[PDB]
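*Asks:* There's a structure below that I have some questions on.
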Protein chains: 2
Amino acid sequence: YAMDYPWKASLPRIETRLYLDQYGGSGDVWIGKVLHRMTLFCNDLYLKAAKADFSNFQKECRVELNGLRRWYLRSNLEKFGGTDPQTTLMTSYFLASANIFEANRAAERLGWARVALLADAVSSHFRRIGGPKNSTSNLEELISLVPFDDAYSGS
Amino acid sequence: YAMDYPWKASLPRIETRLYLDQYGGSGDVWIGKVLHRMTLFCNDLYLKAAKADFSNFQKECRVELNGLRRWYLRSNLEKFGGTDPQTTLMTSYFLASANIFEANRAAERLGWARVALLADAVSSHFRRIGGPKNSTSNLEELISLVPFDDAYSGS
């Protein structure tokens, strides 16, 4: 792993997930003059805590992904987006749920997902019709599909 | 004045302006056993303070009107709309300036003025074209002429 993905393309949560199968817990032993095991940072309590936290994160992510899928369908955007839109939704949500992974920061993650999907749809439409000076339809009002707020949807 | 203007149509600032020449000060006497002038509410500082404050109001109103006129000209609104711009502007600003007079609240006064002017122009255009069924243009974007802000431009 440490040789395949350098610092340039190493998402935090994917590395944390891949690490949870490589920690010895308490079955480690360090070679010295006599085999001795250090019992301060090698135990199963760390493993239990990490696994519980990751399970909670995964459940919350599943729920928010379901909600985002419902919104994506209801807002009538599937008419663009290549041949299959579900893979695009999944990719553009996972590329955000792996960086901003805290619990009290749902707004930033969901906004990242929504704006990514909108930008991709609009870019695909421009690439299909044949450039930016042949669009007779209206596009500037398309940003009104994000849910409304006071300090978010005004700027 | 107090007879030809009921409570339902009595602007505060107009009443103050018409009452600023009906309060003598020291040139008054109150009937008793002997003609005696009361001093606590009949003074001369009252007139000076009132005149200074009212002249400050005059100057602030002049400056704000001279700015709003430039805004109404540069925004290209006389093309479609009222039959005479100056009277409509003067009236629609005098209303706000005669209702909200305090000096640390120019924002609400200017906002009232701008929104009233925009609404009047749009209503005149709708009435001229023959109802809202034949209005080909797009009118939601016409609210972008109001200067942008961070928290006062979504609602």
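Ligands are numbered from 1 in the order shown, residues from 1 within each chain, and chains are lettered A, B, ... in the order they appear in the structure tokens.
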Using DSSP on the backbone coordinates, identify the residues of chain A assigned to alpha helix (DSSP H); present them as a VMD selection string.
*Replies:* chain A and resid 12 to 19 44 to 74 85 to 97 106 to 129
*Asks:* How about saving the chosen residues, C-alpha atoms kept, as a CSV table (one decimal), in the first residue's frame?
*Replies:*
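Result file is part_24.csv:
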```csv
chain,number,residue,atom,x,y,z
A,12,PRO,CA,-7.4,9.2,4.7
A,13,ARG,CA,-10.5,7.0,5.2
A,14,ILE,CA,-9.5,4.4,2.6
A,15,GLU,CA,-6.1,4.0,4.3
A,16,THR,CA,-7.8,3.7,7.7
A,17,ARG,CA,-10.1,1.0,6.4
A,18,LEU,CA,-7.2,-0.9,4.7
A,19,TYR,CA,-5.3,-0.7,8.0
A,44,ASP,CA,-7.5,-4.8,21.6
A,45,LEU,CA,-9.2,-1.8,23.1
A,46,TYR,CA,-7.9,0.4,20.3
A,47,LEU,CA,-9.3,-2.2,17.8
A,48,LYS,CA,-12.7,-2.3,19.4
A,49,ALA,CA,-13.0,1.5,19.5
A,50,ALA,CA,-11.8,1.9,15.9
A,51,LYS,CA,-14.2,-0.8,14.6
A,52,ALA,CA,-17.2,0.7,16.4
A,53,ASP,CA,-16.4,4.2,15.1
A,54,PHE,CA,-16.0,2.9,11.5
A,55,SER,CA,-19.3,1.0,11.7
A,56,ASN,CA,-21.1,4.1,12.9
A,57,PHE,CA,-19.6,6.2,10.0
A,58,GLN,CA,-20.6,3.5,7.5
A,59,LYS,CA,-24.2,3.4,8.7
A,60,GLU,CA,-24.5,7.2,8.6
A,61,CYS,CA,-22.9,7.3,5.1
A,62,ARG,CA,-25.4,4.7,3.8
A,63,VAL,CA,-28.3,6.8,5.1
A,64,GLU,CA,-27.0,10.0,3.5
A,65,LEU,CA,-26.3,8.2,0.2
A,66,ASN,CA,-29.9,7.0,0.1
A,67,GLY,CA,-31.1,10.5,0.6
A,68,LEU,CA,-28.8,11.9,-2.0
A,69,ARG,CA,-29.9,9.3,-4.5
A,70,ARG,CA,-33.6,10.2,-3.9
A,71,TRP,CA,-32.8,13.9,-4.4
A,72,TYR,CA,-30.8,13.2,-7.6
A,73,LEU,CA,-33.7,11.3,-9.1
A,74,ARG,CA,-36.4,13.7,-8.0
A,85,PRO,CA,-25.8,7.7,-13.8
A,86,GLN,CA,-25.7,5.5,-10.7
A,87,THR,CA,-21.9,4.9,-11.0
A,88,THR,CA,-21.4,8.7,-11.4
A,89,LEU,CA,-23.5,9.4,-8.3
A,90,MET,CA,-21.6,6.7,-6.3
A,91,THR,CA,-18.2,8.0,-7.4
A,92,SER,CA,-19.0,11.7,-6.9
A,93,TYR,CA,-20.3,10.9,-3.4
A,94,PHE,CA,-17.5,8.6,-2.4
A,95,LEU,CA,-14.9,11.1,-3.5
A,96,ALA,CA,-16.3,13.4,-0.8
A,97,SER,CA,-17.3,11.1,2.0
A,106,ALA,CA,-23.0,16.9,6.9
A,107,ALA,CA,-23.7,20.1,5.1
A,108,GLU,CA,-20.3,20.5,3.6
A,109,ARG,CA,-20.2,16.9,2.3
A,110,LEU,CA,-23.7,17.1,0.8
A,111,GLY,CA,-23.0,20.4,-0.8
A,112,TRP,CA,-19.8,19.1,-2.3
A,113,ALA,CA,-21.8,16.1,-3.8
A,114,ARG,CA,-24.5,18.3,-5.2
A,115,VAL,CA,-22.3,20.9,-6.8
A,116,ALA,CA,-20.1,18.1,-8.3
A,117,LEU,CA,-23.1,16.4,-9.8
A,118,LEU,CA,-24.4,19.7,-11.2
A,119,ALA,CA,-21.0,20.7,-12.7
A,120,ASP,CA,-20.6,17.3,-14.3
A,121,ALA,CA,-24.1,17.4,-15.8
A,122,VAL,CA,-23.6,20.9,-17.2
A,123,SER,CA,-20.2,20.1,-18.6
A,124,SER,CA,-21.6,16.9,-20.3
A,125,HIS,CA,-24.4,19.0,-21.9
A,126,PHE,CA,-22.0,21.6,-23.2
A,127,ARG,CA,-19.7,18.9,-24.6
A,128,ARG,CA,-22.7,17.2,-26.3
A,129,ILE,CA,-24.4,20.2,-27.9
```
*Asks:* Which residues of chain A come within 8 Å of chain B, and for each one, what is the closest pair of atoms and their distance in Å to one decimal, counting only C-alpha atoms, sorted by chain and residue number, as JSON lines?
*Replies:*
```
{"residue": "A:150", "atom": "CA", "partner": "B:154", "partner_atom": "CA", "distance": 6.6}
{"residue": "A:151", "atom": "CA", "partner": "B:151", "partner_atom": "CA", "distance": 6.1}
{"residue": "A:153", "atom": "CA", "partner": "B:154", "partner_atom": "CA", "distance": 6.8}
{"residue": "A:154", "atom": "CA", "partner": "B:154", "partner_atom": "CA", "distance": 4.5}
{"residue": "A:155", "atom": "CA", "partner": "B:150", "partner_atom": "CA", "distance": 6.2}
```
*Asks:* How about saving the chosen residues, N, CA, C and O atoms kept, as a PDB file, in the first residue's frame?
*Replies:*
```pdb
ATOM      1  N   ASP A 150     -30.307  30.435   4.311  1.00  0.00           N
ATOM      2  CA  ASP A 150     -30.069  31.866   4.438  1.00  0.00           C
ATOM      3  C   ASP A 150     -28.627  32.254   4.150  1.00  0.00           C
ATOM      4  O   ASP A 150     -28.376  33.111   3.298  1.00  0.00           O
ATOM      5  N   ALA A 151     -27.668  31.644   4.839  1.00  0.00           N
ATOM      6  CA  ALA A 151     -26.262  31.960   4.646  1.00  0.00           C
ATOM      7  C   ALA A 151     -25.576  31.052   3.634  1.00  0.00           C
ATOM      8  O   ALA A 151     -24.363  31.180   3.437  1.00  0.00           O
ATOM      9  N   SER A 153     -27.437  29.536   0.344  1.00  0.00           N
ATOM     10  CA  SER A 153     -27.935  29.650  -1.019  1.00  0.00           C
ATOM     11  C   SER A 153     -28.031  31.090  -1.501  1.00  0.00           C
ATOM     12  O   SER A 153     -28.550  31.330  -2.595  1.00  0.00           O
ATOM     13  N   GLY A 154     -27.553  32.050  -0.717  1.00  0.00           N
ATOM     14  CA  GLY A 154     -27.562  33.430  -1.148  1.00  0.00           C
ATOM     15  C   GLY A 154     -26.293  33.817  -1.875  1.00  0.00           C
ATOM     16  O   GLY A 154     -26.321  34.619  -2.812  1.00  0.00           O
ATOM     17  N   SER A 155     -25.170  33.239  -1.452  1.00  0.00           N
ATOM     18  CA  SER A 155     -23.873  33.557  -2.028  1.00  0.00           C
ATOM     19  C   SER A 155     -23.397  32.536  -3.050  1.00  0.00           C
ATOM     20  O   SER A 155     -22.451  32.822  -3.790  1.00  0.00           O
TER      21      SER A 155
END
```
